[PDB]
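Here the structure is laid out as structure tokens; the discussion comes afterwards.
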Amino acid sequence: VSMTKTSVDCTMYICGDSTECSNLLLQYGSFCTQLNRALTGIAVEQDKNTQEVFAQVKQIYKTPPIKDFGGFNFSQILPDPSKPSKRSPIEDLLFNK
Amino acid sequence: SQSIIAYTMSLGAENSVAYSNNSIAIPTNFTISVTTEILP
Amino acid sequence: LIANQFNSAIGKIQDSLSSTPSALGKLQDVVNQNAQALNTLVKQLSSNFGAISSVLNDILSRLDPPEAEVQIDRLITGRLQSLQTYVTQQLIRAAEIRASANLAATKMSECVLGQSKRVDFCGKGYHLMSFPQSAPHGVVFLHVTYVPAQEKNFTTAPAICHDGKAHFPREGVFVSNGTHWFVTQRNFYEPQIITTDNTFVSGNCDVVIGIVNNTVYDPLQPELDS
Amino acid sequence: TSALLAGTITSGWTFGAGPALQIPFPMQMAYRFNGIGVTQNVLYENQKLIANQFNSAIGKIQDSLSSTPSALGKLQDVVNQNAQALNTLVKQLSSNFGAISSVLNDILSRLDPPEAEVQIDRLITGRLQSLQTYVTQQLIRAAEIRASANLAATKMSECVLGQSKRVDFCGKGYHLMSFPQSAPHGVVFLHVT
Ligand SMILES: *[C@@H]1O[C@H](CO)[C@@H](O[C@@H]2O[C@H](CO)[C@@H](O)[C@H](O)[C@H]2NC(C)=O)[C@H](O)[C@H]1NC(C)=O
Ligand SMILES: *[C@@H]1O[C@H](CO)[C@@H](O)[C@H](O)[C@H]1NC(C)=O
Ligand SMILES: *[C@@H]1O[C@H](CO)[C@@H](O)[C@H](O)[C@H]1NC(C)=O
Ligand SMILES: *[C@@H]1O[C@H](CO)[C@@H](O)[C@H](O)[C@H]1NC(C)=O
Ligand SMILES: *[C@@H]1O[C@H](CO)[C@@H](O)[C@H](O)[C@H]1NC(C)=O
Ligand SMILES: *[C@@H]1O[C@H](CO)[C@@H](O)[C@H](O)[C@H]1NC(C)=O
């Protein structure tokens, strides 16, 4: 649904603490600005991807305290209140793997 | 009086649906809503 | 009522488009992205790229051609890199635009030329229609959708035990207003007296978990008497 | 994910088309049976059996995910590809790119600036080529990930928020539901068919 939201500062990557390298980089033009803009667009795209996949719902819903679903069991997919992060048993090993 | 406030976002109101093994909620009225979708 | 709601919804779309300036964000972003890519490509001519002159007509005049050739090589390398970067960005943007155009063609086909049962594909709600509108380098869809508004709690049961046999609704839901039991369609509260025309018998009352005792009206019995 | 699951369990598909309307799950699954041409008679005649099959299927998913390590192959591949691209980009700093030194602080010390400028030019050309390659690869990967995320949003909309009649779109068989599960940089759907 999304990829790692990395970003690269072009001046730091090309050039270390030195300023002569930066001075020679300024004469190439706006390559570094274009690269940074592309990476920022990718990051915003990843945020939009997550918000478009998972935020289909508009109002947070809660499962009733008693799971009387006529025999159908969802304890594997419903959140587990015991563990600190309210991730379901399936989600626990999905994150572990 | 007015200042920038930083907070953890709220996903929305916590709406616990009044679930039961006997209760259904059939709407008695509707709304013909027009949604605008923009596509390049 | 539905005609008035449709007209008022279209008028509200008119007003919202008139007032809010960030409505056409996708088209504006595409146009601005292309414009800034072009502007960057043009501005790349003013960069030296390591040559002692960023203008090609001065490096050929102030320097002799045998020595000016290496500076021309630096300039052409830089400008060719700029063109390759611009063309790669243009190809990626064109792939994205082609995906969006394929989605727009699919939405036109399935919503302007038909009614799509895909959920949230054409508008939030039970989709009804769609009216395309042209736009600069894009299209705008006025997805007409059906959204239920006023819900009401009811007591429901999967079946109806009458005459020692389960009765299931042919189409609809068994509901009760406290005392009397009615069968109602699934998207609009229209109570109907329970009858064999809209219920189908499907066995006996023991198997069903949730069956409730009731009576099912028989249409033909009154004509039997009279 | 929990809000989507609770809406699916309690309301059904009604929570994606307006106000969430409560309905017993033995009746929502009967809705979904009617949505595949199977009369709702079938479930109310076999409610316990279908409930047991559903529970056992979810338990088997639990066991198969726990045991087999190559289950989350797509997410693992995406993460590994991104990490490997980052590692390659970082390792590109150790390449000379034709300059007599791969470290920029030594070429400025051992060589005088007027002569060290050409070596700095070689280094910047190489590192800029590396950055452009990395950014192009990242843009292609992001286009692929955006296509996958659009597909995930479509699957959520048409199978978590409704019952899709598209064949083999959500699971092999007559689709019934789908339960989203969060995952690192992705989502997992338990397509009940
Ligand atoms: C369903 O909702 C519509 C509006 O969404 C209701 O129509 C309005 O009802 C009010 C009540 O008196 C009138 O003042 C308005 O003139 C009506 N029209 C509009 C466009 O607002 C309608 O009455 C509702 N139906 C039920 C059964 O409650
Ligand atoms: C569901 O399964 C859990 C174990 O995962 C069990 O503890 C519970 O009793 C079962 N029943 C329900 C419907 O909660
Ligand atoms: C149905 O009942 C519950 C609690 O009994 C209540 O919270 C809910 O608002 C009711 N629904 C409607 C539409 O009034
Ligand atoms: C339920 O509806 C029936 C319609 O036939 C009506 O006669 C009855 O009084 C109603 N009861 C309640 C409690 O609303
Ligand atoms: C609903 O659940 C309650 C809880 O015990 C039970 O007494 C009742 O018989 C159930 N009714 C149906 C129709 O499932
Ligand atoms: C329904 O009625 C029959 C006889 O009319 C009776 O044997 C049965 O116990 C009743 N069931 C319920 C749930 O009231």
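Residue numbering for chain C follows Swiss-Prot; the residues present correspond to positions 922-1147, in that order.
Per the header: electron microscopy, 2.9 Å.
Positions of Cβ are set from backbone N, Cα and C atoms, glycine also.
A disulfide bond in Swiss-Prot ties C:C1082 to one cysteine from C:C1043, C:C1126, and that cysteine is C:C1126. Taken residue by residue with DSSP, C:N1134 (N-linked glycosylation site) is part of a strand. In the vicinity of ligand 3, defined as a Cβ distance under 6 Å, the following of the recorded positions C:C1032, C:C1043, C:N1074, C:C1082, C:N1098 are placed: C:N1074. In three-state terms derived from DSSP, C:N1074 (N-linked glycosylation site) belongs to an extended strand segment. For ligand 5, there are no nearby recorded positions; that is, of C:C1043, C:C1126, C:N1134, none has a C-beta under 6 Å from one of its atoms. C:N1134 (N-linked glycosylation site) and C:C1032 (disulfide bond) have their C-alpha atoms 44 Å apart, to the nearest angstrom. When the disulfide-bonded residues C:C1032, C:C1043, C:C1082, C:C1126 are scored by other C-beta atoms within 10 Å, C:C1043 scores highest.
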